[PDB]
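Coordinates from protein_17.pdb are shown below (PDB, C-alpha atoms (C1' of nucleotides) and all ligand atoms).
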```pdb
MODEL        1
ATOM      1  CA  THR A  24       0.000   0.000   0.000  1.00  0.00           C
ATOM      2  CA  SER A  25       2.819   2.345   0.993  1.00  0.00           C
ATOM      3  CA  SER A  26       6.546   2.215   0.348  1.00  0.00           C
ATOM      4  CA  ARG A  27       7.429   1.543   3.992  1.00  0.00           C
ATOM      5  CA  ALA A  28       4.619  -1.000   4.515  1.00  0.00           C
ATOM      6  CA  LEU A  29       6.020  -3.470   1.972  1.00  0.00           C
ATOM      7  CA  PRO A  30       7.345  -6.839   3.177  1.00  0.00           C
ATOM      8  CA  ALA A  31      10.833  -6.710   4.660  1.00  0.00           C
ATOM      9  CA  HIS A  32      12.869  -8.709   7.177  1.00  0.00           C
ATOM     10  CA  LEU A  33      10.554 -11.700   7.100  1.00  0.00           C
ATOM     11  CA  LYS A  34      13.016 -13.915   9.007  1.00  0.00           C
ATOM     12  CA  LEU A  35      13.153 -13.322  12.750  1.00  0.00           C
ATOM     13  CA  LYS A  36      16.548 -13.972  14.328  1.00  0.00           C
ATOM     14  CA  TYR A  37      16.949 -16.124  17.431  1.00  0.00           C
ATOM     15  CA  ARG A  38      19.899 -16.285  19.786  1.00  0.00           C
ATOM     16  CA  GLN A  39      22.240 -19.086  18.775  1.00  0.00           C
ATOM     17  CA  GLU A  40      24.224 -21.469  20.966  1.00  0.00           C
ATOM     18  CA  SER A  41      27.067 -19.136  21.933  1.00  0.00           C
ATOM     19  CA  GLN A  42      25.044 -15.904  21.998  1.00  0.00           C
ATOM     20  CA  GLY A  43      23.525 -16.444  25.433  1.00  0.00           C
ATOM     21  CA  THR A  44      20.330 -18.424  25.060  1.00  0.00           C
ATOM     22  CA  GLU A  45      18.097 -18.995  28.059  1.00  0.00           C
ATOM     23  CA  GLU A  46      19.614 -22.442  28.584  1.00  0.00           C
ATOM     24  CA  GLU A  47      23.181 -21.140  28.753  1.00  0.00           C
ATOM     25  CA  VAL A  48      22.330 -18.330  31.164  1.00  0.00           C
ATOM     26  CA  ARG A  49      20.350 -20.729  33.343  1.00  0.00           C
ATOM     27  CA  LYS A  50      23.294 -23.128  33.516  1.00  0.00           C
ATOM     28  CA  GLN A  51      25.710 -20.255  34.141  1.00  0.00           C
ATOM     29  CA  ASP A  52      26.501 -18.888  37.604  1.00  0.00           C
ATOM     30  CA  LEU A  53      26.156 -15.127  37.194  1.00  0.00           C
ATOM     31  CA  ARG A  54      26.900 -14.160  40.810  1.00  0.00           C
ATOM     32  CA  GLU A  55      30.456 -15.518  40.936  1.00  0.00           C
ATOM     33  CA  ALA A  56      31.212 -14.237  37.432  1.00  0.00           C
ATOM     34  CA  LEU A  57      30.027 -10.783  38.434  1.00  0.00           C
ATOM     35  CA  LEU A  58      32.233 -10.883  41.521  1.00  0.00           C
ATOM     36  CA  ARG A  59      35.334 -11.910  39.548  1.00  0.00           C
ATOM     37  CA  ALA A  60      34.746  -9.184  36.954  1.00  0.00           C
ATOM     38  CA  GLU A  61      34.244  -6.537  39.642  1.00  0.00           C
ATOM     39  CA  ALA A  62      37.482  -7.608  41.334  1.00  0.00           C
ATOM     40  CA  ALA A  63      39.336  -7.607  38.009  1.00  0.00           C
ATOM     41  CA  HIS A  64      38.211  -4.073  37.219  1.00  0.00           C
ATOM     42  CA  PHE A  65      39.089  -2.927  40.737  1.00  0.00           C
ATOM     43  CA  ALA A  66      42.581  -4.336  40.181  1.00  0.00           C
ATOM     44  CA  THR A  67      43.314  -1.775  37.447  1.00  0.00           C
TER      45      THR A  67
ATOM     46  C1'   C B   1      21.592 -53.974 -31.316  1.00  0.00           C
ATOM     47  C1'   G B   2      19.497 -58.300 -28.039  1.00  0.00           C
ATOM     48  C1'   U B   3      16.686 -60.314 -23.533  1.00  0.00           C
ATOM     49  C1'   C B   4      13.554 -59.074 -19.440  1.00  0.00           C
ATOM     50  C1'   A B   5      10.316 -55.848 -16.752  1.00  0.00           C
ATOM     51  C1'   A B   6       6.154 -51.690 -16.448  1.00  0.00           C
ATOM     52  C1'   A B   7       4.323 -47.514 -18.602  1.00  0.00           C
ATOM     53  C1'   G B   8      -0.072 -46.376 -23.581  1.00  0.00           C
ATOM     54  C1'   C B   9       2.930 -42.876 -26.178  1.00  0.00           C
ATOM     55  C1'   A B  10       4.043 -37.847 -28.638  1.00  0.00           C
ATOM     56  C1'   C B  11       2.735 -32.739 -28.242  1.00  0.00           C
ATOM     57  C1'   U B  12       0.214 -29.450 -24.901  1.00  0.00           C
ATOM     58  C1'   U B  13      -3.052 -26.418 -20.703  1.00  0.00           C
ATOM     59  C1'   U B  14      -3.578 -25.541 -15.624  1.00  0.00           C
ATOM     60  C1'   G B  15      -2.894 -26.436 -10.257  1.00  0.00           C
ATOM     61  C1'   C B  16       0.513 -27.816  -6.122  1.00  0.00           C
ATOM     62  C1'   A B  17       5.642 -28.266  -4.166  1.00  0.00           C
ATOM     63  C1'   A B  18      10.741 -27.667  -4.398  1.00  0.00           C
ATOM     64  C1'   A B  19      15.472 -25.638  -6.511  1.00  0.00           C
ATOM     65  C1'   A B  20      24.052 -24.120  -3.852  1.00  0.00           C
ATOM     66  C1'   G B  21      26.422 -28.612   0.603  1.00  0.00           C
ATOM     67  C1'   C B  22      31.473 -30.661  -1.538  1.00  0.00           C
ATOM     68  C1'   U B  23      32.756 -22.482  -3.690  1.00  0.00           C
ATOM     69  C1'   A B  24      28.912 -22.130  -7.052  1.00  0.00           C
ATOM     70  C1'   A B  25      26.179 -19.327 -14.343  1.00  0.00           C
ATOM     71  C1'   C B  26      18.371 -21.682 -11.099  1.00  0.00           C
ATOM     72  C1'   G B  27      19.290 -16.096 -15.490  1.00  0.00           C
ATOM     73  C1'   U B  28      26.686 -16.825 -20.130  1.00  0.00           C
ATOM     74  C1'   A B  29      20.658 -12.009 -19.253  1.00  0.00           C
ATOM     75  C1'   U B  30      19.619  -7.848 -16.015  1.00  0.00           C
ATOM     76  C1'   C B  31      15.773  -3.654 -13.809  1.00  0.00           C
ATOM     77  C1'   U B  32      13.239  -1.280  -9.476  1.00  0.00           C
ATOM     78  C1'   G B  33      12.003  -0.182  -4.434  1.00  0.00           C
ATOM     79  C1'   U B  34      12.474   0.268   1.374  1.00  0.00           C
ATOM     80  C1'   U B  35      15.454   0.990   5.881  1.00  0.00           C
ATOM     81  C1'   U B  36      20.202   2.466   8.192  1.00  0.00           C
ATOM     82  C1'   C B  37      24.898   5.039   7.035  1.00  0.00           C
ATOM     83  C1'   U B  38      28.535   8.030   4.023  1.00  0.00           C
ATOM     84  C1'   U B  39      28.470  11.501  -0.107  1.00  0.00           C
ATOM     85  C1'   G B  40      27.036  15.246  -4.485  1.00  0.00           C
ATOM     86  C1'   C B  41      24.067  19.410  -5.951  1.00  0.00           C
ATOM     87  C1'   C B  42      21.892  22.263  -2.771  1.00  0.00           C
ATOM     88  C1'   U B  43      16.900  28.069  -0.028  1.00  0.00           C
ATOM     89  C1'   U B  44      12.497  24.122   1.642  1.00  0.00           C
ATOM     90  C1'   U B  45       9.806  19.110   0.205  1.00  0.00           C
ATOM     91  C1'   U B  46       9.136  15.581  -3.830  1.00  0.00           C
ATOM     92  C1'   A B  47      12.192  14.275  -7.749  1.00  0.00           C
ATOM     93  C1'   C B  48      17.380  13.766  -7.290  1.00  0.00           C
ATOM     94  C1'   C B  49      23.509  12.404  -7.173  1.00  0.00           C
ATOM     95  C1'   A B  50      26.754   7.557  -6.220  1.00  0.00           C
ATOM     96  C1'   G B  51      29.006   4.138  -2.999  1.00  0.00           C
ATOM     97  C1'   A B  52      28.114   0.447   1.149  1.00  0.00           C
ATOM     98  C1'   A B  53      25.184  -2.888   4.383  1.00  0.00           C
ATOM     99  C1'   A B  54      20.631  -5.409   5.497  1.00  0.00           C
ATOM    100  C1'   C B  55      16.206  -6.469   3.225  1.00  0.00           C
ATOM    101  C1'   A B  56      12.236  -6.980  -0.391  1.00  0.00           C
ATOM    102  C1'   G B  57       9.588  -6.660  -5.430  1.00  0.00           C
ATOM    103  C1'   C B  58       9.140  -7.567 -10.611  1.00  0.00           C
ATOM    104  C1'   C B  59      10.562  -9.898 -15.671  1.00  0.00           C
ATOM    105  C1'   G B  60      12.143 -14.933 -16.435  1.00  0.00           C
ATOM    106  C1'   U B  61      14.305 -20.347 -15.938  1.00  0.00           C
ATOM    107  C1'   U B  62      14.536 -25.741 -14.261  1.00  0.00           C
ATOM    108  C1'   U B  63      12.651 -30.152 -11.944  1.00  0.00           C
ATOM    109  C1'   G B  64       9.038 -33.243  -9.499  1.00  0.00           C
ATOM    110  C1'   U B  65       4.050 -34.325  -9.186  1.00  0.00           C
ATOM    111  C1'   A B  66      -1.701 -34.182  -9.942  1.00  0.00           C
ATOM    112  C1'   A B  67      -5.767 -33.472 -13.157  1.00  0.00           C
ATOM    113  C1'   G B  68      -7.062 -32.535 -18.140  1.00  0.00           C
ATOM    114  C1'   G B  69      -6.832 -31.161 -23.911  1.00  0.00           C
ATOM    115  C1'   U B  70      -5.343 -32.438 -29.114  1.00  0.00           C
ATOM    116  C1'   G B  71      -3.403 -36.479 -32.611  1.00  0.00           C
ATOM    117  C1'   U B  72      -2.747 -41.139 -32.892  1.00  0.00           C
ATOM    118  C1'   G B  73      -2.983 -46.677 -30.382  1.00  0.00           C
ATOM    119  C1'   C B  74      -4.674 -50.555 -27.614  1.00  0.00           C
ATOM    120  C1'   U B  75      -6.563 -56.570 -33.401  1.00  0.00           C
ATOM    121  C1'   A B  76       0.022 -52.229 -30.985  1.00  0.00           C
ATOM    122  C1'   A B  77       2.862 -47.726 -30.938  1.00  0.00           C
ATOM    123  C1'   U B  78       6.368 -45.427 -28.145  1.00  0.00           C
ATOM    124  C1'   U B  79       9.069 -44.307 -23.991  1.00  0.00           C
ATOM    125  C1'   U B  80      11.757 -45.157 -19.369  1.00  0.00           C
ATOM    126  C1'   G B  81      14.717 -48.466 -16.532  1.00  0.00           C
ATOM    127  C1'   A B  82      17.401 -52.862 -15.608  1.00  0.00           C
ATOM    128  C1'   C B  83      20.691 -56.847 -17.502  1.00  0.00           C
ATOM    129  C1'   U B  84      26.768 -61.844 -15.086  1.00  0.00           C
ATOM    130  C1'   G B  85      24.398 -60.422 -23.437  1.00  0.00           C
ATOM    131  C1'   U B  86      26.422 -64.034 -28.548  1.00  0.00           C
ATOM    132  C1'   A B  87      28.731 -68.045 -31.251  1.00  0.00           C
ATOM    133  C1'   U B  88      31.506 -72.883 -31.024  1.00  0.00           C
ATOM    134  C1'   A B  89      31.606 -81.699 -30.190  1.00  0.00           C
ATOM    135  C1'   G B  90      38.209 -81.213 -33.110  1.00  0.00           C
ATOM    136  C1'   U B  91      44.057 -79.757 -26.766  1.00  0.00           C
ATOM    137  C1'   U B  92      42.597 -74.168 -21.539  1.00  0.00           C
ATOM    138  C1'   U B  93      36.121 -75.646 -18.668  1.00  0.00           C
ATOM    139  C1'   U B  94      29.561 -77.760 -21.306  1.00  0.00           C
ATOM    140  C1'   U B  95      28.799 -83.156 -26.282  1.00  0.00           C
ATOM    141  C1'   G B  96      33.570 -87.122 -21.522  1.00  0.00           C
ATOM    142  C1'   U B  97      40.350 -91.574 -21.055  1.00  0.00           C
ATOM    143  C1'   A B  98      36.027 -94.259 -20.263  1.00  0.00           C
ATOM    144  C1'   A B  99      34.528 -98.397 -17.685  1.00  0.00           C
ATOM    145  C1'   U B 100      37.122-102.566 -15.070  1.00  0.00           C
ATOM    146  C1'   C B 101      38.828-103.561  -9.179  1.00  0.00           C
ATOM    147  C1'   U B 102      40.463-101.542  -4.569  1.00  0.00           C
TER     148        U B 102
HETATM  149 MG    MG C 201       7.416  25.137   4.301  1.00  0.00          MG
ENDMDL
END
```
Would you encode the structure as structure tokens?
Amino acid sequence: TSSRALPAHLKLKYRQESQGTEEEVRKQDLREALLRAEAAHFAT
RNA sequence: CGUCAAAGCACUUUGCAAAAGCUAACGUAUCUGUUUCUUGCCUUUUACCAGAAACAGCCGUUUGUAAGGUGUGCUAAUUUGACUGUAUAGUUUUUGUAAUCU
């Protein structure tokens, strides 16, 4: 109907294996990782 | 060419589905549009300039399959596939050095 209403980007992208899917974040331990990263930045 | 098998066959209309897997012309051809950037010309918008990225559209192509049409056939025609396919008594196999007994 209009130029900007034409079909475009018909394929929705999903997070892949290494991009941080729900499974990987659920398996991961975010608390300890956050603590190590905070300590590492403090070290500088 | 031959044997066997199943399929009517040749041309054609329409529907449905698919088309890179091992780097490669579905198309030895070739247009347009949108978004986000960087540019050109620029008094403001459309229309624009010419490069990129990500997306789409249109003109076409191929294959499979389903249902039909035309012309010829089923008192045969053609097509597709498969095949460990050929002679021959005259020494290297299939027209017998056999029987005899031990
Ligand atoms: Mg004004």
Pull out every residue that the PyMOL selection byres (((chain B and resi 68) around 8) and not hetatm) matches in the shown coordinates and put them as number ranges by chain. B: 13, 67, 69
For a quick test of understanding: name the residues of chain A lying within 9 Å of chain B when counting all atoms listed in the file, and present them as number ranges by chain. A: 26-33
Under the PyMOL selection byres (((not hetatm)) within 12 of (chain C and resi 201)), which residues of this model are included? Write them out as a PDB file with C-alpha atoms (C1' of nucleotides), in the coordinates of the input.
```pdb
ATOM      1  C1'   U B  43      16.900  28.069  -0.028  1.00  0.00           C
ATOM      2  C1'   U B  44      12.497  24.122   1.642  1.00  0.00           C
ATOM      3  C1'   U B  45       9.806  19.110   0.205  1.00  0.00           C
TER       4        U B  45
END
```
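Atom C1' of residue 9 of chain B to atom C1' of residue 77 of chain B spans 6.8 Å [interatomic distance, one decimal].
Here atom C1' of residue 3 of chain B stands at a distance of 13.2 Å from atom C1' of residue 84 of chain B.
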Identify which of the residues B:8, B:27, B:2, B:21 lies closest to residue 61 of chain B, counting only C-alpha atoms (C1' of nucleotides) when measuring atom-to-atom distances.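 Once distances to residue 61 of chain B are computed over only C-alpha atoms (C1' of nucleotides), the minimum belongs to B:27.
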With 12 Å as the threshold, what does the neighbourhood of (11.8, -25.7, -1.2) contain in terms of residues, counting only C-alpha atoms (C1' of nucleotides)? Coordinates are those of the file; answer as a ChimeraX atom specification. /B:17-19,63-64
Using Å and a single decimal, report how far atom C1' of residue 37 of chain B sits from atom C1' of residue 52 of chain B.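 Separation between atom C1' of residue 52 of chain B and atom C1' of residue 37 of chain B: 8.1 Å.
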Output requested as a tab-separated table (two decimals), in the frame of the given file - segment 45-57 of chain A, filled out with N, CA and C atoms.
```tsv
chain	number	residue	atom	x	y	z
A	45	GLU	N	18.61	-18.83	26.71
A	45	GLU	CA	18.10	-19.00	28.06
A	45	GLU	C	18.74	-20.19	28.75
A	46	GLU	N	19.00	-21.26	28.00
A	46	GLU	CA	19.61	-22.44	28.58
A	46	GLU	C	21.00	-22.13	29.12
A	47	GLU	N	21.81	-21.42	28.33
A	47	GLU	CA	23.18	-21.14	28.75
A	47	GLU	C	23.22	-20.23	29.97
A	48	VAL	N	22.36	-19.22	30.01
A	48	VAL	CA	22.33	-18.33	31.16
A	48	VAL	C	21.82	-19.06	32.39
A	49	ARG	N	20.84	-19.95	32.21
A	49	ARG	CA	20.35	-20.73	33.34
A	49	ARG	C	21.43	-21.65	33.90
A	50	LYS	N	22.21	-22.29	33.02
A	50	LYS	CA	23.29	-23.13	33.52
A	50	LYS	C	24.39	-22.30	34.16
A	51	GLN	N	24.62	-21.09	33.67
A	51	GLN	CA	25.71	-20.26	34.14
A	51	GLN	C	25.45	-19.76	35.56
A	52	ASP	N	26.54	-19.45	36.26
A	52	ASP	CA	26.50	-18.89	37.60
A	52	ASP	C	26.90	-17.42	37.46
A	53	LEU	N	25.90	-16.54	37.44
A	53	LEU	CA	26.16	-15.13	37.19
A	53	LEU	C	26.75	-14.41	38.40
A	54	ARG	N	26.44	-14.86	39.61
A	54	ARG	CA	26.90	-14.16	40.81
A	54	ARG	C	28.42	-14.20	40.94
A	55	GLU	N	29.01	-15.39	40.82
A	55	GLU	CA	30.46	-15.52	40.94
A	55	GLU	C	31.18	-14.82	39.79
A	56	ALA	N	30.62	-14.91	38.58
A	56	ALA	CA	31.21	-14.24	37.43
A	56	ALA	C	31.20	-12.73	37.63
A	57	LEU	N	30.10	-12.21	38.15
A	57	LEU	CA	30.03	-10.78	38.43
A	57	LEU	C	31.07	-10.39	39.46
```
